[PDB]
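Every heavy atom of this structure was used, including side-chain atoms; hydrogens, water molecules and symmetry mates were not. Starting from 1, each residue takes its place in the sequence as its number.
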Amino acid sequence: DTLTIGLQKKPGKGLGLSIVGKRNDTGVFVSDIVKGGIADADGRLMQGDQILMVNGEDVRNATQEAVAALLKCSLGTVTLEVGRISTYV
């Protein structure tokens, strides 16, 4: 389950989310969505989503620090492809 999401990054403010790695799976995942922020207001991103691609760059095997730095250095519209992550039981 995959979605494209476009967040308009504004000067002096963040995108309004945090991201984290996992111990038993590769990749980077949405861990918090700041109430009030850009990610929250756009209304598509969810806690647990995997960030798969950022402005066309594949980051499925990237590190938390790498994706965070990328997002921090990006300007304007940031286009994210994300994967909704289900839990197997």
Nearest heavy-atom pair of [X] and [Y]: which atoms, and what distance?
X: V78; Y: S74; value: CG2-CB, 4.2 Å
X: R60; Y: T26; value: O-CG2, 3.7 Å
X: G6; Y: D42; value: O-OD1, 3.8 Å
X: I5; Y: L45; value: CD1-N, 3.6 Å
X: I19; Y: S31; value: N-OG, 3.8 Å
X: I38; Y: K9; value: CD1-CA, 4.3 Å

Run the side chain to side chain contact (heavy atoms under 4.5 Å, CB included) test on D49 and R84 for me, step by step, so that the C-alpha distance in whole Å, both residues' side-chain angles and the decisive distance to 0.1 Å come before the verdict.
CA-CA 5 Å; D49 282 354; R84 296 285 199 241; 2.8 Å; yes
Under 3.5 Å, is there a donor-acceptor pair between the side chain of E81 and the main chain of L52?
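Checked: no pair found.
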Check whether any side-chain N or O of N55 sits under 3.5 Å from a backbone N or O of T79 as a donor-acceptor pair, and report yes or no.
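The answer is yes, because a donor-acceptor pair under 3.5 Å joins these two groups.
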If we only count heavy atoms from C-beta on, is the [X] to [Y] side-chain gap below 4.5 Å?
X: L71; Y: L80; answer: yes
X: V34; Y: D40; answer: no
X: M46; Y: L3; answer: no
X: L17; Y: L7; answer: yes
X: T63; Y: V28; answer: no

If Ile, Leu, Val, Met, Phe, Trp and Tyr residues are connected whenever their side-chain heavy atoms lie under 4.5 Å apart, and connections chain through other members, are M53 and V30 in the same group?
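Different clusters.
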CZ on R44 to OG1 on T4, rounded to 0.5 Å
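Those atoms lie 7.0 Å apart.
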Spacing of CD belonging to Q47 relative to CZ belonging to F29, to within rounding of 0.5 Å:
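Here the interatomic distance stands at 12.5 Å.
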Looking at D58, I want to see if its CG is surrounded by more than 12 non-hydrogen atoms of other residues, nucleotides or ligands under 6.0 Å.
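Yes, the 6.0 Å shell around CG holds more than 12 heavy atoms from other groups.
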